[PDB]
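J.: There's a structure below that I have some questions on.
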Amino acid sequence: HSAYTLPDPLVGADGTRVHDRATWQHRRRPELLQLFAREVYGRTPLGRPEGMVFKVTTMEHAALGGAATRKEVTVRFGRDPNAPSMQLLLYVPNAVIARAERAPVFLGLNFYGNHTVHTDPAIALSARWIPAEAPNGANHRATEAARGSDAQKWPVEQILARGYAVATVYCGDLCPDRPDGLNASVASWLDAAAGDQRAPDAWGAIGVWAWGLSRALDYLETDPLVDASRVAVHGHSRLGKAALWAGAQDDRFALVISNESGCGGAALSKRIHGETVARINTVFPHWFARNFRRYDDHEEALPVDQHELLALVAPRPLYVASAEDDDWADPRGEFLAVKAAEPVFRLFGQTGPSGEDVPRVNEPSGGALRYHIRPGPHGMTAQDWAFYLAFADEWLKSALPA
Ligand SMILES: O[C@@H]1[C@@H](O)[C@H](O[C@@H]2CO[C@@H](O)[C@H](O)[C@H]2O)OC[C@H]1O
Ligand SMILES: O[C@@H]1[C@@H](O)[C@H](O[C@@H]2CO[C@@H](O)[C@H](O)[C@H]2O)OC[C@H]1O
Ligand SMILES: [Mg+2]
């Protein structure tokens, strides 16, 4: 649509313009984080819980034909062996380990279980609930036929060959992706209420998923094989909504990738196009705060829009990408959010897409703030990853000190 106006990221709530990087970082950034927490995603009640324990359950030094070390880590959210946990899978390129250099990392959540990212028969088969839409499941549990069922979204061998570790966690370890899933999620025990319905500003699945990414980063900071200052957080679609909210809240993430995150991710909500606030909240009432429902059919009242979420990543490199046929995500709305975030990146001396309108397919545009659109439907393809790997080579924090 063409009948909206956006709030200016560089004007504070009180009307005073943001003229320097220090004002952005110390005043405007907290102001915008609070607006998103209260009105959109809900409040993250705390970060790392006390007594988080990391247990390496398996470590294989000759995975993928010798190309990788594969570690499985249980990240347990409390010292009691009964405490809730999540299962992290890490592949690290053996070429980099052998050189005794710490590897940079791509970290993102997976849709249907760690065993779906690669056929590798040694990955632990998740025993947690999975959605009916997961390929090759039965009775909401994974089967052996589900191994590698999502490998098309995870070019592990290529990422490793280019020098990067691959870390992942099943989103459903943190919040099962079902409308009732919060009652079996992190939110059900982390600073939980004594009873009754969740409060208007209480976080939902996207907040919980984002929090899990930050807990994975807490683990990576302890692993001698990796450089936890060089972690690119990425996600596809609903898990890209989570990646953006994680990268915005947690400035330790060195680079952020939104692959087709759409509504409530990179796409402008005020631009009424494809999925709308009412449709996302109606179909997925667990994803956002209950407060976000106030904007159902009333996006004009939103005090922020998603360009300000993208701006919260600055000055760190941010990639937003779309698919040409993916109308529901609103590709032009994703691009326009990038353009409306660009002035903040520019304040930090970075540059964004330089063209007038959505670029031609498979021609990325921008510096540390980058956009591309590829042909085809919603998905995450080898072409997307080729562009992300080039971006990481150029813009991920270097291993060398300043
Ligand atoms: O944020 C919400 C939590 O406050 C909620 O916590 C539940 C409250 O009722 C108690 O009987 C339960 O033990 C407790 O888990 O869980 C859902 C979450 O959305
Ligand atoms: O926010 C987006 C969701 O609205 C979208 O939901 C899909 C719409 O197509 C249906 O056929 C699917 O069942 C449903 O998953 O998923 C992508 C997400 O970004
Ligand atoms: Mg939309």
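Positions of Cβ are generated from backbone atoms using ideal geometry, with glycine treated the same way; all protein chains shown enter the neighbour counts. Quick note: the coordinates plus some simple rules give every number you see, no bench work behind them.
J.: Given 0.36 nm per residue, what is the gain on full extension from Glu363 to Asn139 after removing their alpha carbon distance, in nm?
T.: That works out to 76.3 nm of additional length.
J.: Run the dipole for the chain about the Cα centre, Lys and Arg Cβ at +1, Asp and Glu Cβ at -1, nothing else charged, and hand back the magnitude in debye, nearest 20. Intermediate values should be presented prior to the final figure.
T.: Values: 41 positive and 48 negative charges, 164 e Å.
Magnitude of the dipole: close to 780 debye.
J.: Using 0.36 nm per residue, how much length does the chain from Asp251 to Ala161 gain when fully extended, once their Cα-Cα distance is taken away? The partial results should precede the final answer.
T.: Details: separation 90, 0.36 × 90 = 32.40 nm, distance 2.72 nm.
So the extension gain works out to 29.7 nm.
J.: If r is the Cβ-Cβ distance from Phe348 to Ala98 and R0 is 35 Å, what FRET efficiency results, to the nearest 0.05? Each step should come with its number before you reach the end.
T.: Details: r = 37 Å, r/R0 = 1.05.
That gives a FRET efficiency of 0.40.
J.: With point charges of +1 on the Cβ of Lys and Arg and -1 on the Cβ of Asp and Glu, referenced to the Cα centre of the range 284-399, which listed residue (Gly352, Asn362, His298) lies farthest in the positive direction of the dipole?
T.: The one lying farthest along the dipole's positive direction is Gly352.
J.: Could I ask something else about it? Net charge near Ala382, counting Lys/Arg +1 and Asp/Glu -1 over other residues with Cβ under 12 Å of its Cβ? Please report the intermediate quantities before stating the final value.
T.: Values: positive: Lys153, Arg374; negative: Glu157, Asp384.
Cβ neighbours under 12 Å give a net charge of 0.
J.: Among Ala161, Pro179, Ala289, pick out the residue whose Cα is farthest towards the positive end of the charge dipole of the chain, where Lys and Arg carry +1 and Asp and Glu carry -1 on C-beta, about the Cα centre.
T.: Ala161
J.: Rg and Dmax in Å for the chain, alpha carbons only: what are they?
T.: Just the Cα atoms of the chain yield Rg and Dmax of 20.0, 59 Å.
J.: Roughly what % antiparallel, to the nearest 5, for the DSSP beta bridges in the chain?
T.: On the way: 26 of 53 bridges.
Counting DSSP beta bridges with both partners in the chain, the antiparallel share is about 50 percent.
J.: Rank-order 339-350, 390-401 by packing density, defined as the average count of other C-beta atoms within 10 Å over each peptide's residues, highest first. Display every interim value, and only then the final one.
T.: Details: 339-350: 19.5, 390-401: 14.5.
My ranking of the peptides, most packed first, is 339-350, 390-401.
J.: Taking amide H positions as placed 1.01 Å from N in the peptide plane, with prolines and chain starts having none, which residues 5 or more places from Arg141, or on another chain, fall under 5 Å of its amide H?
T.: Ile130
J.: Keeping to pairs on different chains or 8 or more places apart, tell me how many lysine pairs in the chain have Cα atoms under 24 Å apart.
T.: Numbers: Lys55/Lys71; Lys71/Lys153; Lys153/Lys241; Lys241/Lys270; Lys241/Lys339; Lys241/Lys397; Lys270/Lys339; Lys339/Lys397.
Pairs that pass both the separation and distance tests number 8.
J.: Per DSSP H run of at least 4 residues, take -39500 (n - 2.57); add these up for the chain, divide by its residues and hand me the 222 nm value, nearest 500 deg cm²/dmol. Walk me through the intermediate numbers first.
T.: On the way: 9 runs with 91 residues, N = 402.
Value at 222 nm, helices only: -6500 deg cm²/dmol.
J.: Would you look at the GNM of the chain, springs on alpha carbons closer than 10 Å, and say which of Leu46, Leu213, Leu35 moves the most?
T.: Evaluated over the chain, the most mobile residue of the options is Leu46.
J.: Can I ask one more? What's the local net charge at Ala329, with K and R +1, D and E -1, over the other residues with C-beta under 14 Å away? Let's see the in-between values first.
T.: Details: positive: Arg238, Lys241, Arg271, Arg279, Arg332, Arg374; negative: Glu260, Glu275, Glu324, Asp325, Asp326, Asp327, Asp330, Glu334, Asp384.
It works out to a net charge of -3.
J.: Same structure, new question: Under 10 Å, Cα contacts only: if you run a Gaussian network model on the chain, which one of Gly355, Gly172, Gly240 comes out with the highest mean-square fluctuation?
T.: Its mean-square fluctuation being the largest, the pick is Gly355.
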